[PDB]
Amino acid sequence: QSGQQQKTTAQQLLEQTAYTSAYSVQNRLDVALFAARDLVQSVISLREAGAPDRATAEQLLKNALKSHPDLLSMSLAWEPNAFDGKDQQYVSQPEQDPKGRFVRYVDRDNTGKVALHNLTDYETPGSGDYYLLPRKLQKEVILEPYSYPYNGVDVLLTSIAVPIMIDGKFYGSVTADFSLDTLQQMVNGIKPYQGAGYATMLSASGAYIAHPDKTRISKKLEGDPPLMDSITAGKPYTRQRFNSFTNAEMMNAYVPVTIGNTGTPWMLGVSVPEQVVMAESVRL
């Protein structure tokens, strides 16, 4: 084999590892996507049956989180009068939204018990983007990392939001949420080539989601136009070069992570020395 044939064979093997690594992340993320889609369908059916009960929708929301231990939280939020048409009945009741909106989320307490809460920032620009973005865009959305308090501490999280669309109109939205600690666990555990390489993940905006350097989490990618352009376009990207700083021939292969119908894929990378991939091409 010529030097270009050997490069291609290692590059093909690496690209296959990056592809199956990206799919493993997609499978874990799909737990949130499917939970949110399934709850949306369930509450559309509940509403279609007429005179829907908030307590039943709350139970469906609690059950959805209980079924998925890896999820941080889930939320269910409706437009004014869009669930039961009865918001005004709740204004004077304790511990309701000030205008009686049906706006709830669930998390777990320190015993693992699912707990129900009111959403309070769902129309606040910034913190409320988990609701404001699917309302504006009227499609599935994956949010850039943001923090919110759970059990007295700030947790850095992402949300996959699925709008409640009926006849092409927006009635509300559901999220299923992951902590970034959970996402780092998933990526840091890939351990490509039995730990001889490492995996990284970036958001659609180029923020680090997972990286061996935990000081980078949620910071933006800098000084890599080809990679950033690939993330923006949702295209795979492979590169190989001799790193004169580390004195190793290094390979990098990036594969988009598809998230439902958001159209805004994240990006999984595998970084590994060429020698490691060549040795695996032999062990074949």
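The numbering used is simple: start at 1 and walk along the sequence shown.
Note on 42-50 vs 55-63: mean CA B-factor is higher in 42-50.
The stretch 7-15 shows the higher mean C-alpha B-factor when 7-15 is compared against 271-279 in the entry. Residue-level inspection of the entry shows that, of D121, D167, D181, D177, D167 has the top Cα B-factor. Highest CA B-factor among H117, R101, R135, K191, as stated in the entry: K191.
Among the modelled residues of its chain, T232 has a C-alpha B-factor that falls in the middle third, as given in the PDB entry. Among all modelled residues in its chain, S73 ranks in the lowest third by Cα B-factor. When the CA B factors of the chain's modelled residues are split into thirds, the value for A253 lands in the lowest one.
The deposited CA B-factor of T264 belongs to the lowest third of values across its chain. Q185: CA B factor in the highest third of modelled residues in this chain (values from the PDB entry).
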